[PDB]
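Note sheet for the following structure.
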Amino acid sequence: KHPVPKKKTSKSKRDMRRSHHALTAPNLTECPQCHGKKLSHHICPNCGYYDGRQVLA
Amino acid sequence: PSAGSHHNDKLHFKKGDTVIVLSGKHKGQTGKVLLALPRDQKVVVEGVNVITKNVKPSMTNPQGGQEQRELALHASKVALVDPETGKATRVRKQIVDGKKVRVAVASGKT
Amino acid sequence: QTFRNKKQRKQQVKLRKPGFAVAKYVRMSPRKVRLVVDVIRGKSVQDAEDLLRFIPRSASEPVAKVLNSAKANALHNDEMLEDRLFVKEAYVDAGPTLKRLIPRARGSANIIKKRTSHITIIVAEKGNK
Amino acid sequence: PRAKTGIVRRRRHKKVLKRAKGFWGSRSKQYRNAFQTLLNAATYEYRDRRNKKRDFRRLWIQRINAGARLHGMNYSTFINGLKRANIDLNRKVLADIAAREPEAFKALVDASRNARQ
RNA sequence: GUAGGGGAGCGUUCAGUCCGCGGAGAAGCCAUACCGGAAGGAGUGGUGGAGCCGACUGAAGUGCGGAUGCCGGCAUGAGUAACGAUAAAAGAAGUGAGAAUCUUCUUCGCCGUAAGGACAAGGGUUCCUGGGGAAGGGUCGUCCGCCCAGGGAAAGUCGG
RNA sequence: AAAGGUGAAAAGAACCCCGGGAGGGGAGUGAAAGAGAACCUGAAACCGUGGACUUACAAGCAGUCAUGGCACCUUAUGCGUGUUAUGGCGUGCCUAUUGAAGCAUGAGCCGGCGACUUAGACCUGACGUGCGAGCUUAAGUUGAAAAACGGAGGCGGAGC
RNA sequence: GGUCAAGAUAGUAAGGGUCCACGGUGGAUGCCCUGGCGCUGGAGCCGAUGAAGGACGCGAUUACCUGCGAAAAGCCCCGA
Ligand SMILES: [Ca+2]
Ligand SMILES: [Ca+2]
Ligand SMILES: [Mg+2]
Ligand SMILES: [Mg+2]
Ligand SMILES: [Mg+2]
Ligand SMILES: [Mg+2]
Ligand SMILES: [Mg+2]
Ligand SMILES: [Mg+2]
Ligand SMILES: [Mg+2]
Ligand SMILES: [Mg+2]
Ligand SMILES: [Mg+2]
Ligand SMILES: [Mg+2]
Ligand SMILES: [Mg+2]
Ligand SMILES: [Mg+2]
Ligand SMILES: [Mg+2]
Ligand SMILES: [Mg+2]
Ligand SMILES: [Mg+2]
Ligand SMILES: [Mg+2]
Ligand SMILES: [Mg+2]
Ligand SMILES: [Mg+2]
Ligand SMILES: [Mg+2]
Ligand SMILES: [Mg+2]
Ligand SMILES: [Mg+2]
Ligand SMILES: [Mg+2]
Ligand SMILES: [Mg+2]
Ligand SMILES: [Mg+2]
Ligand SMILES: [Mg+2]
Ligand SMILES: [Mg+2]
Ligand SMILES: [Mg+2]
Ligand SMILES: [Mg+2]
Ligand SMILES: [Mg+2]
Ligand SMILES: [Mg+2]
Ligand SMILES: [Mg+2]
Ligand SMILES: [Mg+2]
Ligand SMILES: [Mg+2]
Ligand SMILES: [Mg+2]
Ligand SMILES: [Mg+2]
Ligand SMILES: [Mg+2]
Ligand SMILES: [Mg+2]
Ligand SMILES: [Mg+2]
Ligand SMILES: [Mg+2]
Ligand SMILES: [Mg+2]
Ligand SMILES: [Mg+2]
Ligand SMILES: [Mg+2]
Ligand SMILES: [Mg+2]
Ligand SMILES: [Mg+2]
Ligand SMILES: [Mg+2]
Ligand SMILES: [Mg+2]
Ligand SMILES: [Mg+2]
Ligand SMILES: [Mg+2]
Ligand SMILES: [Mg+2]
Ligand SMILES: [Mg+2]
Ligand SMILES: [Mg+2]
Ligand SMILES: [Mg+2]
Ligand SMILES: [Mg+2]
Ligand SMILES: [Mg+2]
Ligand SMILES: [Mg+2]
Ligand SMILES: [Mg+2]
Ligand SMILES: [Mg+2]
Ligand SMILES: [Mg+2]
Ligand SMILES: [Mg+2]
Ligand SMILES: [Mg+2]
Ligand SMILES: [Mg+2]
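Protein chains in written order, with UniProt numbering: chain A, 3 to 59; chain B, 4 to 113; chain C, 6 to 134; chain D, 2 to 118.
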């Protein structure tokens, strides 16, 4: 019992694990009603529109 | 660090004396002694002073305020004078009544 | 243009840091903050403000407050025009590290590393090109 | 008088480390693998120098019979026939003669063949 | 050419004497394609900001890769395992820079010879009020048994 | 247990800017803020950002030697420097051993600490100095910015 | 020149490596002294008149140290 790693990992080999840790940028879009900032199939957080006003802000 | 009293905790001058600076920016300039703290060898003389940016708030005021103010020197100034500059100093040799050990240089009393 | 020595140059010229601000000792792990900072890097400075309100990582908050400070210094102090600005450089480095013992099974402790970050951003005009 | 190690050890170590240029990994950065790699590298440098003498020997020869057989005789029945042509003895890097002037290496082929008759 | 014997030497600190150097910049550090048969030594540049080289002689706490060696720092495992009982939680409202986690309301589920209440040992301000938000809290935190300040503790008859 | 260092002097950073703050950017002071209170220097391991040359049919103790490619030009246009592709060759280090690449010990890495010394009128040799058929002092006394004196005693000189 | 065939050969880097440049971490190295170590030489007992060592207190404001003790960061006399 008790597996434990055998040699230390090289900086090269460990950094090439992390080859897949890249965050995906949000695909943002321009609110047609507010000024800008909006996430798709969601309300515009600033003005509250989702064709007219929804949420209070 | 023990400080100031390598000079045997003595001053080579008094609280109200006229004195001249030799040292740095203020060499050859003159002024009255105002504060003389002996155990830190500090001296304040008129016209040596500088711009203390002062307590950003609430010294009874909202805004801060620069203002010119006295900035003391180590006994790096050179002391009593009469024959009109510099001056070493020796005499301690009885005025009237014979008791006070007044001062002199190569000349008369201080 | 050429000075007499180095004491020379320290008097005549003062180093200054156009477009740069830094948050030191931010109490976060540098490799995390790096994931989100990498999302910023080289984007037009508006997008960077735009991307950071929707990235759902906790590090977005400290990273945005640095970016605004960089935008601010580029404008107030360095008198750049802000429709040219973009993030020329951004990068996070280690800080100190707080440590605690945390008890474990059978009696033994471990030391756990609460890591900080120096997050810095450097904006510049896109008048390169 | 105490006489701690200071400045001595860093200087030595830095000279070892600087021998490590594009050494891979911790070969370039940790002193101990840098120095150890250098022990084996000593072995290689000396052996190889001696061997490089013998390696260019080989390249020499391998060009010379390629030209020789281009003229219809092998190395063996050639460097023989120059030496059997005795005073002909130019020997050192005939390779280059075969590799650049063929008008000359053809004449040397004719000389060797005349000597073997 | 191993143990081993022999020879000539390089570098470090300290001491004596000499020759000197230093804010127009010293030691230390950093780069480097020069030099010597080696240990090594110089040149130039960058850094630093107050001491120091060379020669001759003397004395050593004088030369590290190892010792499951010591102290310290930092890595790998790795954004992994875990986040401490399978007694659930939901919505509205509020405060705030900021809220799944703080306050309120209304429901829901869990203990009920307990997971309710009163004492003794032991602890020592943890109590209440007003503030705070570094760290402590296994997340957060506007909250807390955390931090700051101010109060609170009453005996002829209870216990000694 | 660990323990240290602004600056000559606190002149210890008024005021403005982003931020709840923390943090920073300016303006000032100062010779220097390339000293700003996580305050002399600031190596190395470790973490990053940018650039050059490279790498997605490759078998590899990580080098070494050879040659082509591409950069570069401050001991430097060369018998250069950096980096590459490709060929040849190539079984970590120490210890312990008849025999170690060993699937035998030790070790994550770097920094610093870390092991043939001291003592004695002791023995026995090599080398060097003084005096030489003779050489020398010990305890101590007196003088000390310095050393002289002190024959008690010790070794040769006769052996069996 | 355009199709068709045969053949050869470049550039992409998700991420890596060597070098360089620039920083972060961290506290070696140099310099420094407020702190030690030793030898030499001085000096060498304290207490029932309360010792050595402590406890509690004394400040406008006092947590620590220092000094002191309800006369409590001190009171009287003498000399500098
Ligand atoms: Ca994951
Ligand atoms: Ca795993
Ligand atoms: Mg089993
Ligand atoms: Mg336990
Ligand atoms: Mg070889
Ligand atoms: Mg031949
Ligand atoms: Mg200089
Ligand atoms: Mg050198
Ligand atoms: Mg100085
Ligand atoms: Mg030793
Ligand atoms: Mg060894
Ligand atoms: Mg070791
Ligand atoms: Mg360790
Ligand atoms: Mg569990
Ligand atoms: Mg709720
Ligand atoms: Mg509100
Ligand atoms: Mg917050
Ligand atoms: Mg819950
Ligand atoms: Mg609650
Ligand atoms: Mg309500
Ligand atoms: Mg109960
Ligand atoms: Mg009690
Ligand atoms: Mg009580
Ligand atoms: Mg409470
Ligand atoms: Mg309350
Ligand atoms: Mg409260
Ligand atoms: Mg908090
Ligand atoms: Mg606090
Ligand atoms: Mg927390
Ligand atoms: Mg009653
Ligand atoms: Mg009773
Ligand atoms: Mg100081
Ligand atoms: Mg801050
Ligand atoms: Mg501030
Ligand atoms: Mg100025
Ligand atoms: Mg700075
Ligand atoms: Mg500095
Ligand atoms: Mg700070
Ligand atoms: Mg200094
Ligand atoms: Mg520093
Ligand atoms: Mg990068
Ligand atoms: Mg790179
Ligand atoms: Mg394939
Ligand atoms: Mg290929
Ligand atoms: Mg493979
Ligand atoms: Mg190769
Ligand atoms: Mg055996
Ligand atoms: Mg074998
Ligand atoms: Mg193995
Ligand atoms: Mg092994
Ligand atoms: Mg064994
Ligand atoms: Mg092992
Ligand atoms: Mg004797
Ligand atoms: Mg005896
Ligand atoms: Mg990439
Ligand atoms: Mg550090
Ligand atoms: Mg030094
Ligand atoms: Mg002392
Ligand atoms: Mg007492
Ligand atoms: Mg009091
Ligand atoms: Mg007390
Ligand atoms: Mg009384
Ligand atoms: Mg008196």
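Note that beta-carbon positions come from the ideal geometry of N, C-alpha and C, so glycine has one too.
Beta-bridge partners of residue 25 (chain C) (DSSP): C:127. With 16 or more other CB atoms across the displayed protein chains lying within 10 angstroms of its CB, residue 121 (chain C) is buried. The beta carbon of residue 59 (chain D) sits no closer than 7 Å to any heavy atom of ligand 6. Boundaries of the beta strand (DSSP E) harbouring residue 72 (chain B): 70-72, taken from the DSSP string. Taking 8 Å as the CB threshold, residue 39 (chain A) lines the interface with chain C. A direct Cα-Cα distance of roughly 17 Å separates residue 37 (chain D) from residue 10 (chain D). Taking a contact to require three or more Cβ pairs closer than 8 Å, the segment 87-102 of chain C and the segment 18-33 of chain C qualify as touching.
Proximity of the segment 121-131 of chain C to the segment 26-42 of chain C meets the contact definition, three or more beta-carbon pairs being nearer than 8 Å. Under the Cβ distance rule, residue 41 (chain C) counts among the residues neighbouring chain A, one pair being separated by less than 8 Å. Residues of the segment 8-37 of chain A with a C-beta atom less than 8 Å from some C-beta of chain C are 23, 24, 25, 27, 28, 30, listed in chain order. Only those residues of the segment 49-61 of chain C whose C-beta falls short of 7 Å from the nearest C-beta of chain A are listed: 55, 56, 58, 59, 60.
Residue environment for residue 78 (chain B): buried (at least 16 other C-beta atoms within 10 angstroms of its C-beta). From the listed residues C:129, C:41, C:117, the smallest Cα separation to residue 105 (chain C) is found for C:117.
Its chain contains no residue whose beta carbon lies nearer than 8 Å to that of residue 53 (chain D) once the 5 sequence neighbours on both sides are disregarded. Contact note: residue 97 (chain C) does not reach chain A at a C-beta cutoff of 9 Å; the least C-beta distance is about 14 Å. Taking every protein chain shown into account, the CB of residue 34 (chain B) has 16 or more other CB atoms within 10 angstroms, so this residue is buried. A straight line joining the alpha-carbon of residue 57 (chain A) with that of residue 55 (chain B) spans about 55 Å. At a cut-off of 8 Å between beta carbons, residue 44 (chain C) contacts chain A. Between residue 38 (chain B) and residue 75 (chain B), the CB-CB gap stays under 8 Å.
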